[PDB]
Every structure is written in structure tokens, then in C-alpha cells.
$ cat data-v5.pdb   # PDB, C-alpha atoms (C1' of nucleotides)
ATOM      1  CA  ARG A 212      14.875 -16.486  11.087
ATOM      2  CA  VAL A 213      12.683 -17.278   8.075
ATOM      3  CA  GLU A 214      11.302 -20.810   8.026
ATOM      4  CA  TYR A 215      10.798 -21.477   4.318
ATOM      5  CA  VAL A 216       7.944 -23.760   3.204
ATOM      6  CA  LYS A 217       8.965 -26.698   0.982
ATOM      7  CA  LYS A 218       6.471 -29.186  -0.516
ATOM      8  CA  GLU A 219       8.222 -32.124  -2.243
ATOM      9  CA  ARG A 220       7.753 -35.736  -3.450
ATOM     10  CA  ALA A 221      10.323 -38.199  -1.989
ATOM     11  CA  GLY A 222      10.517 -42.028  -2.040
ATOM     12  CA  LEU A 223      11.373 -44.781   0.439
ATOM     13  CA  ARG A 224      11.553 -48.620   0.404
ATOM     14  CA  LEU A 225      10.982 -50.796   3.481
ATOM     15  CA  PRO A 226      10.307 -54.460   4.251
ATOM     16  CA  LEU A 227       6.663 -55.261   4.588
ATOM     17  CA  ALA A 228       6.750 -57.113   7.962
ATOM     18  CA  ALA A 229       8.115 -53.883   9.441
ATOM     19  CA  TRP A 230       6.110 -50.870   8.147
ATOM     20  CA  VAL A 231       2.884 -49.637   9.738
ATOM     21  CA  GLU A 232       0.154 -48.898   7.174
ATOM     22  CA  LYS A 233      -1.262 -45.354   7.358
ATOM     23  CA  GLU A 234      -2.566 -42.867   4.773
ATOM     24  CA  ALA A 235      -0.547 -40.019   6.319
ATOM     25  CA  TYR A 236       2.124 -39.535   8.953
ATOM     26  CA  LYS A 237       2.078 -36.688  11.482
ATOM     27  CA  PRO A 238       5.446 -35.369  12.718
ATOM     28  CA  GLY A 239       7.078 -37.713  15.200
ATOM     29  CA  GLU A 240       4.830 -40.647  14.196
ATOM     30  CA  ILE A 241       6.383 -44.106  13.807
ATOM     31  CA  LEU A 242       6.666 -45.136  10.140
ATOM     32  CA  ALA A 243       8.095 -48.650  10.622
ATOM     33  CA  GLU A 244       9.775 -51.005  13.112
ATOM     34  CA  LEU A 245      12.529 -53.252  11.863
ATOM     35  CA  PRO A 246      13.199 -56.671  13.397
ATOM     36  CA  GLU A 247      16.790 -56.578  12.198
ATOM     37  CA  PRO A 248      18.771 -53.768  10.497
ATOM     38  CA  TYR A 249      17.715 -53.188   6.872
ATOM     39  CA  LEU A 250      19.845 -51.561   4.161
ATOM     40  CA  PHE A 251      17.976 -49.047   2.036
ATOM     41  CA  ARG A 252      19.548 -49.257  -1.424
ATOM     42  CA  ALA A 253      19.825 -47.013  -4.458
ATOM     43  CA  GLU A 254      17.256 -47.644  -7.211
ATOM     44  CA  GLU A 255      19.140 -45.316  -9.581
ATOM     45  CA  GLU A 256      22.760 -44.568 -10.425
ATOM     46  CA  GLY A 257      23.895 -41.013  -9.877
ATOM     47  CA  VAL A 258      25.837 -38.431  -7.922
ATOM     48  CA  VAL A 259      24.458 -37.837  -4.425
ATOM     49  CA  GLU A 260      23.100 -34.472  -3.317
ATOM     50  CA  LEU A 261      22.686 -34.896   0.475
ATOM     51  CA  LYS A 262      20.443 -32.470   2.410
ATOM     52  CA  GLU A 263      20.463 -33.066   6.196
ATOM     53  CA  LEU A 264      17.656 -31.613   8.327
ATOM     54  CA  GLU A 265      17.639 -31.100  12.111
ATOM     55  CA  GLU A 266      16.658 -34.728  12.404
ATOM     56  CA  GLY A 267      16.185 -36.907   9.341
ATOM     57  CA  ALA A 268      17.785 -36.466   5.919
ATOM     58  CA  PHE A 269      17.102 -35.993   2.211
ATOM     59  CA  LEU A 270      19.122 -37.683  -0.512
ATOM     60  CA  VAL A 271      18.871 -36.676  -4.193
ATOM     61  CA  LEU A 272      20.470 -38.603  -7.069
ATOM     62  CA  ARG A 273      21.259 -36.781 -10.323
ATOM     63  CA  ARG A 274      22.936 -37.906 -13.585
ATOM     64  CA  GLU A 275      24.316 -35.118 -15.640
ATOM     65  CA  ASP A 276      22.554 -32.412 -13.645
ATOM     66  CA  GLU A 277      18.951 -33.827 -13.979
ATOM     67  CA  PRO A 278      17.564 -35.224 -10.676
ATOM     68  CA  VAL A 279      16.619 -38.848 -11.221
ATOM     69  CA  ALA A 280      15.475 -39.672  -7.665
ATOM     70  CA  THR A 281      14.504 -38.062  -4.359
ATOM     71  CA  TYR A 282      14.688 -40.316  -1.301
ATOM     72  CA  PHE A 283      13.587 -39.569   2.270
ATOM     73  CA  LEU A 284      15.497 -40.886   5.274
ATOM     74  CA  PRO A 285      13.370 -40.718   8.475
ATOM     75  CA  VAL A 286      14.825 -40.810  12.000
ATOM     76  CA  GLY A 287      16.473 -44.120  12.780
ATOM     77  CA  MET A 288      18.137 -44.220   9.368
ATOM     78  CA  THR A 289      21.839 -43.353   9.229
ATOM     79  CA  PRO A 290      23.274 -42.209   5.873
ATOM     80  CA  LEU A 291      26.135 -44.402   4.609
ATOM     81  CA  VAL A 292      26.890 -41.896   1.826
ATOM     82  CA  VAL A 293      28.373 -38.396   1.782
ATOM     83  CA  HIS A 294      27.341 -35.426  -0.320
ATOM     84  CA  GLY A 295      28.521 -35.666  -3.937
ATOM     85  CA  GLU A 296      29.133 -39.416  -3.923
ATOM     86  CA  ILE A 297      28.735 -41.533  -7.049
ATOM     87  CA  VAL A 298      26.438 -44.512  -6.483
ATOM     88  CA  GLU A 299      25.448 -47.482  -8.589
ATOM     89  CA  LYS A 300      22.031 -49.139  -8.705
ATOM     90  CA  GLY A 301      21.589 -51.352  -5.657
ATOM     91  CA  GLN A 302      24.307 -50.061  -3.239
ATOM     92  CA  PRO A 303      23.125 -49.213   0.293
ATOM     93  CA  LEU A 304      22.464 -45.555   0.903
ATOM     94  CA  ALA A 305      21.320 -45.736   4.554
ATOM     95  CA  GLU A 306      20.974 -48.242   7.392
ATOM     96  CA  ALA A 307      17.638 -48.486   9.224
ATOM     97  CA  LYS A 308      17.895 -50.028  12.696
ATOM     98  CA  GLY A 309      15.053 -50.605  15.149
ATOM     99  CA  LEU A 310      12.170 -48.117  15.272
ATOM    100  CA  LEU A 311      12.152 -45.409  12.582
ATOM    101  CA  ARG A 312       9.912 -42.333  12.918
ATOM    102  CA  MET A 313       9.010 -39.056  11.208
ATOM    103  CA  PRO A 314      11.243 -36.140  12.248
ATOM    104  CA  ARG A 315       9.719 -33.407  14.406
ATOM    105  CA  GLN A 316       9.942 -30.675  11.739
ATOM    106  CA  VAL A 317       8.577 -32.610   8.742
ATOM    107  CA  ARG A 318       5.174 -34.123   7.881
ATOM    108  CA  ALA A 319       3.644 -36.580   5.394
ATOM    109  CA  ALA A 320       0.479 -35.325   3.678
ATOM    110  CA  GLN A 321      -0.627 -37.929   1.106
ATOM    111  CA  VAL A 322       1.006 -41.387   1.174
ATOM    112  CA  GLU A 323       0.945 -43.690  -1.892
ATOM    113  CA  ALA A 324       2.245 -47.276  -1.559
ATOM    114  CA  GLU A 325       3.347 -49.911  -4.104
ATOM    115  CA  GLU A 326       4.078 -53.568  -3.192
ATOM    116  CA  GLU A 327       6.949 -55.498  -4.798
ATOM    117  CA  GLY A 328       8.094 -58.858  -3.492
ATOM    118  CA  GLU A 329       8.635 -58.642   0.255
ATOM    119  CA  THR A 330       9.085 -54.839   0.299
ATOM    120  CA  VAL A 331       6.881 -51.718   0.040
ATOM    121  CA  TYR A 332       7.982 -48.509  -1.776
ATOM    122  CA  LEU A 333       6.398 -45.332  -0.363
ATOM    123  CA  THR A 334       5.883 -42.270  -2.542
ATOM    124  CA  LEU A 335       5.638 -39.658   0.186
ATOM    125  CA  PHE A 336       4.193 -36.201  -0.347
ATOM    126  CA  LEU A 337       6.150 -34.347   2.292
ATOM    127  CA  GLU A 338       5.767 -30.806   3.579
ATOM    128  CA  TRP A 339       8.408 -29.249   5.813
ATOM    129  CA  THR A 340      10.047 -25.947   6.789
ATOM    130  CA  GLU A 341      13.771 -25.326   6.281
ATOM    131  CA  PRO A 342      15.182 -22.504   8.513
ATOM    132  CA  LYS A 343      17.513 -19.736   7.297
ATOM    133  CA  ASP A 344      18.952 -16.987   9.583
ATOM    134  CA  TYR A 345      19.523 -13.354   8.535
ATOM    135  CA  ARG A 346      21.545 -10.782  10.543
ATOM    136  CA  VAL A 347      20.073  -7.293  11.094
ATOM    137  CA  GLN A 348      22.543  -4.377  11.559
ATOM    138  CA  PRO A 349      21.854  -1.149  13.536
ATOM    139  CA  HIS A 350      21.192   1.016  10.455
ATOM    140  CA  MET A 351      18.608  -1.531   9.229
ATOM    141  CA  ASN A 352      14.953  -1.830  10.235
ATOM    142  CA  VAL A 353      12.791  -4.947  10.090
ATOM    143  CA  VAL A 354       9.625  -4.059   8.168
ATOM    144  CA  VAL A 355       7.918  -7.399   8.841
ATOM    145  CA  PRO A 356       6.064  -8.678  11.946
ATOM    146  CA  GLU A 357       6.523 -11.944  13.805
ATOM    147  CA  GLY A 358       4.545 -14.629  11.930
ATOM    148  CA  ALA A 359       4.021 -12.715   8.653
ATOM    149  CA  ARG A 360       3.340 -14.595   5.417
ATOM    150  CA  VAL A 361       5.724 -13.758   2.592
ATOM    151  CA  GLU A 362       6.009 -14.932  -1.003
ATOM    152  CA  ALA A 363       9.108 -14.772  -3.179
ATOM    153  CA  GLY A 364      10.354 -11.179  -3.480
ATOM    154  CA  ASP A 365       8.850  -9.700  -0.266
ATOM    155  CA  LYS A 366      11.026  -7.258   1.701
ATOM    156  CA  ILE A 367      11.849  -8.336   5.246
ATOM    157  CA  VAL A 368      14.567  -5.870   6.313
TER     158      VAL A 368
ATOM    159  CA  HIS B  86      17.272  17.406  36.531
ATOM    160  CA  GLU B  87      14.476  17.502  33.888
ATOM    161  CA  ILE B  88      16.804  16.705  30.959
ATOM    162  CA  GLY B  89      18.158  13.824  33.047
ATOM    163  CA  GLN B  90      14.625  12.305  32.928
ATOM    164  CA  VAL B  91      14.966  11.478  29.203
ATOM    165  CA  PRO B  92      17.426   8.598  28.708
ATOM    166  CA  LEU B  93      20.057   8.970  26.019
ATOM    167  CA  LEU B  94      19.441   7.078  22.789
ATOM    168  CA  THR B  95      21.105   3.862  21.699
ATOM    169  CA  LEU B  96      22.580   3.850  18.193
ATOM    170  CA  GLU B  97      19.570   1.845  16.975
ATOM    171  CA  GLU B  98      16.955   4.157  18.607
ATOM    172  CA  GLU B  99      18.789   7.243  17.403
ATOM    173  CA  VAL B 100      18.632   5.915  13.816
ATOM    174  CA  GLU B 101      15.019   4.751  14.262
ATOM    175  CA  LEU B 102      13.646   8.155  15.317
ATOM    176  CA  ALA B 103      15.744   9.966  12.740
ATOM    177  CA  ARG B 104      14.390   7.525  10.136
ATOM    178  CA  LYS B 105      10.772   8.132  11.177
ATOM    179  CA  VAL B 106      11.256  11.943  11.094
ATOM    180  CA  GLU B 107      12.554  11.881   7.517
ATOM    181  CA  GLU B 108       9.848   9.471   6.340
ATOM    182  CA  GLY B 109       7.175  11.632   7.969
ATOM    183  CA  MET B 110       8.316  14.734   6.114
ATOM    184  CA  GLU B 111       8.151  12.775   2.838
ATOM    185  CA  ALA B 112       4.698  11.618   3.879
ATOM    186  CA  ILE B 113       3.578  15.214   4.414
ATOM    187  CA  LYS B 114       4.968  16.105   0.981
ATOM    188  CA  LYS B 115       2.971  13.287  -0.608
ATOM    189  CA  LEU B 116      -0.106  14.106   1.494
ATOM    190  CA  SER B 117       0.067  17.641   0.074
ATOM    191  CA  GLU B 118      -0.066  16.358  -3.600
ATOM    192  CA  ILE B 119      -2.957  13.935  -2.947
ATOM    193  CA  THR B 120      -5.023  16.474  -0.927
ATOM    194  CA  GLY B 121      -4.310  19.771  -2.693
ATOM    195  CA  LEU B 122      -3.475  21.475   0.607
ATOM    196  CA  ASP B 123      -0.335  23.283   1.829
ATOM    197  CA  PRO B 124       2.521  21.137   3.189
ATOM    198  CA  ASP B 125       3.144  23.481   6.129
ATOM    199  CA  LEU B 126      -0.554  23.671   7.027
ATOM    200  CA  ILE B 127      -0.733  19.871   6.964
ATOM    201  CA  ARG B 128       2.471  19.658   9.046
ATOM    202  CA  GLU B 129       1.104  22.007  11.737
ATOM    203  CA  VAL B 130      -2.205  20.073  11.787
ATOM    204  CA  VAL B 131      -0.361  16.768  12.132
ATOM    205  CA  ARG B 132       1.834  18.339  14.814
ATOM    206  CA  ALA B 133      -1.145  19.842  16.651
ATOM    207  CA  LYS B 134      -2.757  16.429  17.241
ATOM    208  CA  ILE B 135       0.549  14.831  18.362
ATOM    209  CA  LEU B 136       1.323  17.441  21.042
ATOM    210  CA  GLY B 137      -2.339  17.479  22.019
ATOM    211  CA  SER B 138      -4.994  20.102  22.564
ATOM    212  CA  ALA B 139      -2.651  21.913  25.025
ATOM    213  CA  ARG B 140      -0.810  23.955  22.338
ATOM    214  CA  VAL B 141      -3.067  25.579  19.729
ATOM    215  CA  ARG B 142      -2.225  28.962  18.156
ATOM    216  CA  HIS B 143      -2.030  30.891  14.877
ATOM    217  CA  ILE B 144       1.259  30.084  13.112
ATOM    218  CA  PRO B 145       3.007  32.956  11.168
ATOM    219  CA  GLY B 146       2.759  31.982   7.456
ATOM    220  CA  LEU B 147      -0.115  29.480   7.653
ATOM    221  CA  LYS B 148      -3.064  30.704   5.589
ATOM    222  CA  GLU B 149      -5.749  29.734   8.186
ATOM    223  CA  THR B 150      -6.070  30.759  11.799
ATOM    224  CA  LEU B 151      -5.214  27.475  13.433
ATOM    225  CA  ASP B 152      -8.078  27.097  15.905
ATOM    226  CA  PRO B 153      -9.790  23.845  16.968
ATOM    227  CA  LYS B 154     -12.376  24.192  14.143
ATOM    228  CA  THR B 155      -9.790  24.293  11.336
ATOM    229  CA  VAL B 156      -7.620  21.545  12.796
ATOM    230  CA  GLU B 157     -10.765  19.374  12.986
ATOM    231  CA  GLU B 158     -11.905  20.251   9.442
ATOM    232  CA  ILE B 159      -8.474  19.661   7.935
ATOM    233  CA  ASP B 160      -7.895  16.509   9.991
ATOM    234  CA  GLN B 161     -11.217  15.171   8.669
ATOM    235  CA  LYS B 162     -10.107  15.738   5.078
ATOM    236  CA  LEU B 163      -6.902  13.823   5.846
ATOM    237  CA  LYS B 164      -8.854  10.956   7.482
ATOM    238  CA  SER B 165     -11.192  10.826   4.461
ATOM    239  CA  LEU B 166      -8.419   9.245   2.415
ATOM    240  CA  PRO B 167      -8.398   5.672   1.073
ATOM    241  CA  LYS B 168      -6.369   3.096   2.976
ATOM    242  CA  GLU B 169      -3.340   3.424   0.634
ATOM    243  CA  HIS B 170      -3.459   7.248   0.917
TER     244      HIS B 170
ATOM    245  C1'   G C   1      36.968  58.945  52.634
ATOM    246  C1'   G C   2      36.529  64.577  55.038
ATOM    247  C1'   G C   3      32.957  68.827  57.548
ATOM    248  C1'   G C   4      28.775  70.255  61.089
TER     249        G C   4
ATOM    250  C1'  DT D   1      25.485  22.559   6.981
ATOM    251  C1'  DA D   2      28.105  15.889   8.518
ATOM    252  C1'  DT D   3      34.581  11.977  12.880
ATOM    253  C1'  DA D   4      32.310  12.475  17.634
ATOM    254  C1'  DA D   5      30.807  15.144  20.966
ATOM    255  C1'  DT D   6      24.862  14.115  25.576
ATOM    256  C1'  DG D   7      23.732  16.943  33.813
ATOM    257  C1'  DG D   8      26.755  23.938  36.092
ATOM    258  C1'  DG D   9      30.446  26.259  38.847
ATOM    259  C1'  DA D  10      30.556  29.135  43.561
ATOM    260  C1'  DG D  11      29.785  32.430  49.464
ATOM    261  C1'  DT D  12      25.343  42.052  61.450
ATOM    262  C1'  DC D  13      21.702  42.671  64.664
ATOM    263  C1'  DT D  14      17.465  44.096  65.402
ATOM    264  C1'  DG D  15      11.703  43.138  66.293
ATOM    265  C1'  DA D  16       7.475  41.479  63.961
ATOM    266  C1'  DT D  17       4.943  37.930  61.988
ATOM    267  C1'  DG D  18       3.135  33.792  59.520
ATOM    268  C1'  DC D  19       4.443  27.908  59.331
TER     269       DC D  19
ATOM    270  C1'  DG E   1       9.946  27.324  68.444
ATOM    271  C1'  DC E   2      11.876  28.816  64.023
ATOM    272  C1'  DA E   3      12.481  31.098  59.465
ATOM    273  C1'  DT E   4      11.810  35.075  56.512
ATOM    274  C1'  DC E   5      11.494  39.864  55.914
ATOM    275  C1'  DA E   6      12.362  44.626  56.173
ATOM    276  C1'  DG E   7      13.986  48.189  59.252
ATOM    277  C1'  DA E   8      18.078  50.623  60.863
ATOM    278  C1'  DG E   9      19.190  60.116  61.512
ATOM    279  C1'  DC E  10      20.156  64.747  58.475
ATOM    280  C1'  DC E  11      22.758  68.233  55.381
ATOM    281  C1'  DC E  12      27.358  68.924  52.818
ATOM    282  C1'  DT E  13      32.268  68.071  50.158
ATOM    283  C1'  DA E  14      35.809  65.509  46.900
ATOM    284  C1'  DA E  15      36.645  61.748  44.269
ATOM    285  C1'  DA E  16      34.202  58.771  39.488
TER     286       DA E  16
END
$ encode --input "data-v5.pdb" --output "C-alpha cells"
Amino acid sequence: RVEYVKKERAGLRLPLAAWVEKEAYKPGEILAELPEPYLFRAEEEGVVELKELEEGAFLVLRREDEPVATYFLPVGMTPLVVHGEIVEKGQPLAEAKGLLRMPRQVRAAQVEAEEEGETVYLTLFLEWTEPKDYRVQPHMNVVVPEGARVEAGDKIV
Amino acid sequence: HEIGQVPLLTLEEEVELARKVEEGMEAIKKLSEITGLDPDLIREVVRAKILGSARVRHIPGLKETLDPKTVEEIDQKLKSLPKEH
RNA sequence: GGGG
DNA sequence: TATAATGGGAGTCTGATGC
DNA sequence: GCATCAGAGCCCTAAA
């Protein structure tokens, strides 16, 4: 199993009377607490590319094929869209109910925050590992040790 | 009874050892080029250290009498190689 | 297998 | 020199002396 | 005690 390192910029919008202000979020840390359920809505029109992690999700809007937005859904936020769905500006992507927290496998390095009306929009610099499994057959030998650091192109088996 | 003291190989282990034997021969071939020695002489020197000090004798065809002095001298030329060699 |  | 093959078969009575 | 060993008559014939 190779856990691949991904470092990406993803956005989120929350009420203000519900988000806890921090400069970074460690895995598992509570991001916000909502008094009542809040509907996170699309800020762009596009087709949805949905990427679901172990816990938490990623949502990526693209028009034509150019990605116009990358949103981050923490734990406590249930996607209301399915992969490859057309959305219009303003329709709810995900419901956020109660306490929402960082997933266990994903972090938040730098956190930038803008304030608009009664909501905050987080530009999150997120780092996480996405697992992929490879099967090794009897005539194959693994040439790489447990915990090795590999770049693109390195031989594993 | 003595043969029954070595367990039979699994398909993986059989392939692993076989793999290592082939690779080692290729290594001795390369080690000959780098060093300017004789592939058989190198092979017997490599083999001498693996089996241990127990078995040391002149080998028919090797240019040098293969006594502890020569296996030390030649082993020291092999260990004088750069990390990649 | 026999002879003394 | 290349499917795979991995553990064997078989047949009196004396006295002296060292474990 | 019990096992392991090395002893157990001579010369001759023919057959293999």
C-alpha cells in the first residue's frame, strides 16, 4: 500500500457564529459547531467531480474541463450531490449538521479567512495522503523497504 | 535424516534464491570488468568467505594458490571499491 | 558332496 | 539443457573381556 | 549382568 502525498488548496464557507478561529487545524480538530443545519452552496456553476476520502470528502467543479473550484467537506458534512452532477451557482452541495471536524487522515497547514456578510470563506491549504493498493505475485520481488520515500518514477516491485 | 533437516522451498522462496543466484553471477561478471581480475578467481574468493574459513584449497584453473593470504588480498581489493561499485 |  | 517431479527397501555355541 | 568379538583338526578327490 502506497500512501501518496497530496498538497492542495480547497475552499469552504461557514456561518460566523459557528466557526472556531484558528490559524491551522490538526487532524481530528473541530472546525465549527453549527446551531442549526447549514447548507453549503455552490459558488460556481459546473459539473461535479466528487472525491470521497475515508472520512470527509472533496468536491471539484469544472466547466468545459477546466477546474473552476475546489471545495472541502469536513466530517459532519453530508454531500447532497453525486459525482458528475451539473450544478448552478447557489444550489446546496452539502449539509452541515452539529459539530464538524477535520478527518483523521487530512490536515490543514495554512488557513486564510475572508469575511462576507454573516459568513466566513476559508481558503484551506490542505495536506493529506490518499492510499492505493498494489498486488505482488510470487514471481515478483519488492525492492523497497517499509517507510521508504519515493518520487514519481521510482520502482517499488 | 540430514536432508530432512532442510525444509522444502515455497514457490516464492524457490524463485527468490534462484533470483539471487543469477543476479550474483551477473555481479561477479561486472566486478571482473571494474577490477581487472578473473571472474572465476573472484567467484572462488566470494565463495570462500561465504562458506567460511573451514574450506580453503587450491582450485584447478585459478591462477593463484588460494590460501588465506590471497583471499585476504583479493577481498581487500574488492572492498576498496566505491559505494556504487 | 566322496576317501583316510 | 525447461510440465512437474523433493526421506530406502530387507533377515549356532562356545569362553574371554571391556561397558 | 550383558554385549561384542573371535575361536572352533589335518591331508586328499571331483565338481566350477
$ resolve_selection --input "data-v5.pdb" --expression "the PyMOL selection byres ((chain E and resi 14) around 12)" --output "VMD selection string"
(chain C and resid 1 to 3) or (chain E and resid 12 to 13 15 to 16)
$ atom_distance --input "data-v5.pdb" --atom1 "CA of residue 129 (chain B)" --atom2 "CA of residue 87 (chain B)"
26.3 Å
$ resolve_selection --input "data-v5.pdb" --expression "the PyMOL selection byres ((chain A and resi 295-300) around 7)" --output "number ranges by chain"
A: 253-260, 292-294, 301-302
$ atom_distance --input "data-v5.pdb" --atom1 "CA of residue 328 (chain A)" --atom2 "CA of residue 230 (chain A)"
14.3 Å
$ atom_distance --input "data-v5.pdb" --atom1 "CA of residue 115 (chain B)" --atom2 "CA of residue 166 (chain B)"
12.5 Å
$ axis_aligned_box --input "data-v5.pdb" --around "region 6-9 of chain E" --padding-each-side "4 Å" --output "JSON"
{"center_x": 15.8, "center_y": 52.4, "center_z": 58.8, "size_x": 14.8, "size_y": 23.5, "size_z": 13.3}
$ resolve_selection --input "data-v5.pdb" --expression "the PyMOL selection byres ((chain D and resi 12-18) around 9)" --output "number ranges by chain"
D: 19; E: 7-8
$ write_last_selection --input "data-v5.pdb" --atoms "C-alpha atoms (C1' of nucleotides)" --output "PDB file, in the coordinates of the input"
ATOM      1  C1'  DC D  19       4.443  27.908  59.331  1.00  0.00           C
TER       2       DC D  19
ATOM      3  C1'  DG E   7      13.986  48.189  59.252  1.00  0.00           C
ATOM      4  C1'  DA E   8      18.078  50.623  60.863  1.00  0.00           C
TER       5       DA E   8
END
$ residues_around --input "data-v5.pdb" --residues "region 140-152 of chain B" --least-positions-apart "2" --cutoff "12 Å" --atoms "only C-alpha atoms (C1' of nucleotides)" --output "list in words"
residues 122, 123, 124, 125, 126, 127, 128, 129, 130, 131, 132, 133, 134, 135, 136, 137, 138, 154, 155, 156, 157, 158, 159 and 160 of chain B
$ write_last_selection --input "data-v5.pdb" --atoms "C-alpha atoms" --output "compact mmCIF listing (two decimals), keeping the file's coordinate frame"
# COMPACT_ATOMS: atom_id res chain seq x y z
CA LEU B 122 -3.48 21.48 0.61
CA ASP B 123 -0.34 23.28 1.83
CA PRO B 124 2.52 21.14 3.19
CA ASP B 125 3.14 23.48 6.13
CA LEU B 126 -0.55 23.67 7.03
CA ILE B 127 -0.73 19.87 6.96
CA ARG B 128 2.47 19.66 9.05
CA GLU B 129 1.10 22.01 11.74
CA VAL B 130 -2.20 20.07 11.79
CA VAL B 131 -0.36 16.77 12.13
CA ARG B 132 1.83 18.34 14.81
CA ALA B 133 -1.14 19.84 16.65
CA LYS B 134 -2.76 16.43 17.24
CA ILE B 135 0.55 14.83 18.36
CA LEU B 136 1.32 17.44 21.04
CA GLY B 137 -2.34 17.48 22.02
CA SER B 138 -4.99 20.10 22.56
CA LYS B 154 -12.38 24.19 14.14
CA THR B 155 -9.79 24.29 11.34
CA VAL B 156 -7.62 21.54 12.80
CA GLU B 157 -10.76 19.37 12.99
CA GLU B 158 -11.90 20.25 9.44
CA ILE B 159 -8.47 19.66 7.94
CA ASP B 160 -7.90 16.51 9.99
$ residues_around --input "data-v5.pdb" --residues "residue 167 (chain B)" --least-positions-apart "4" --cutoff "12 Å" --atoms "only C-alpha atoms (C1' of nucleotides)" --output "list in words"
residues 116, 119, 120, 162 and 163 of chain B
$ residues_near_point --input "data-v5.pdb" --point "(8.8, -41.0, 14.9)" --cutoff "9 Å" --atoms "all atoms listed in the file" --output "count of residues only"
16
$ residues_around --input "data-v5.pdb" --residues "residue 97 (chain B)" --least-positions-apart "2" --cutoff "12 Å" --atoms "all atoms listed in the file" --output "ChimeraX atom specification"
/A:347-353 /B:93-95,99-104
$ residues_around --input "data-v5.pdb" --residues "residue 341 (chain A)" --least-positions-apart "3" --cutoff "9 Å" --atoms "only C-alpha atoms (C1' of nucleotides)" --output "PyMOL selection string"
chain A and resi 213-217+264+316
$ residues_around --input "data-v5.pdb" --residues "residue 251 (chain A)" --least-positions-apart "3" --cutoff "6 Å" --atoms "all atoms listed in the file" --output "count of residues only"
3
$ build_atoms --input "data-v5.pdb" --residues "region 138-157 of chain B" --atoms "N, CA and C atoms" --output "compact mmCIF listing (two decimals), keeping the file's coordinate frame"
# COMPACT_ATOMS: atom_id res chain seq x y z
N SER B 138 -4.18 18.89 22.53
CA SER B 138 -4.99 20.10 22.56
C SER B 138 -4.31 21.24 23.33
N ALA B 139 -3.32 20.93 24.17
CA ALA B 139 -2.65 21.91 25.02
C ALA B 139 -2.17 23.14 24.24
N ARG B 140 -1.40 22.90 23.17
CA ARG B 140 -0.81 23.96 22.34
C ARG B 140 -1.63 24.09 21.05
N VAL B 141 -2.41 25.18 20.97
CA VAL B 141 -3.07 25.58 19.73
C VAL B 141 -2.98 27.10 19.53
N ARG B 142 -2.33 27.53 18.44
CA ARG B 142 -2.22 28.96 18.16
C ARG B 142 -2.05 29.19 16.66
N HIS B 143 -2.27 30.45 16.25
CA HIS B 143 -2.03 30.89 14.88
C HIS B 143 -0.53 30.77 14.58
N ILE B 144 -0.16 30.18 13.44
CA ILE B 144 1.26 30.08 13.11
C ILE B 144 1.63 31.05 11.98
N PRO B 145 2.62 31.97 12.20
CA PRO B 145 3.01 32.96 11.17
C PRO B 145 3.36 32.32 9.82
N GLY B 146 2.55 32.54 8.78
CA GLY B 146 2.76 31.98 7.46
C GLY B 146 1.63 31.06 7.01
N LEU B 147 1.02 30.35 7.96
CA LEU B 147 -0.12 29.48 7.65
C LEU B 147 -1.26 30.37 7.18
N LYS B 148 -1.99 29.90 6.16
CA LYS B 148 -3.06 30.70 5.59
C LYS B 148 -4.30 30.81 6.49
N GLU B 149 -4.58 29.79 7.31
CA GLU B 149 -5.75 29.73 8.19
C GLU B 149 -5.39 29.95 9.65
N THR B 150 -6.28 30.64 10.37
CA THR B 150 -6.07 30.76 11.80
C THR B 150 -6.21 29.33 12.29
N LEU B 151 -5.26 28.89 13.10
CA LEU B 151 -5.21 27.48 13.43
C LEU B 151 -5.85 27.28 14.80
N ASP B 152 -7.18 27.23 14.78
CA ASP B 152 -8.08 27.10 15.90
C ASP B 152 -8.72 25.72 15.84
N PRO B 153 -9.24 25.22 16.96
CA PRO B 153 -9.79 23.84 16.97
C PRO B 153 -10.74 23.50 15.81
N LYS B 154 -11.51 24.46 15.29
CA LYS B 154 -12.38 24.19 14.14
C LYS B 154 -11.59 23.79 12.90
N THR B 155 -10.56 24.56 12.55
CA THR B 155 -9.79 24.29 11.34
C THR B 155 -8.95 23.03 11.47
N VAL B 156 -8.37 22.79 12.65
CA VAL B 156 -7.62 21.54 12.80
C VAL B 156 -8.56 20.34 12.76
N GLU B 157 -9.82 20.47 13.20
CA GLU B 157 -10.76 19.37 12.99
C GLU B 157 -11.18 19.21 11.53
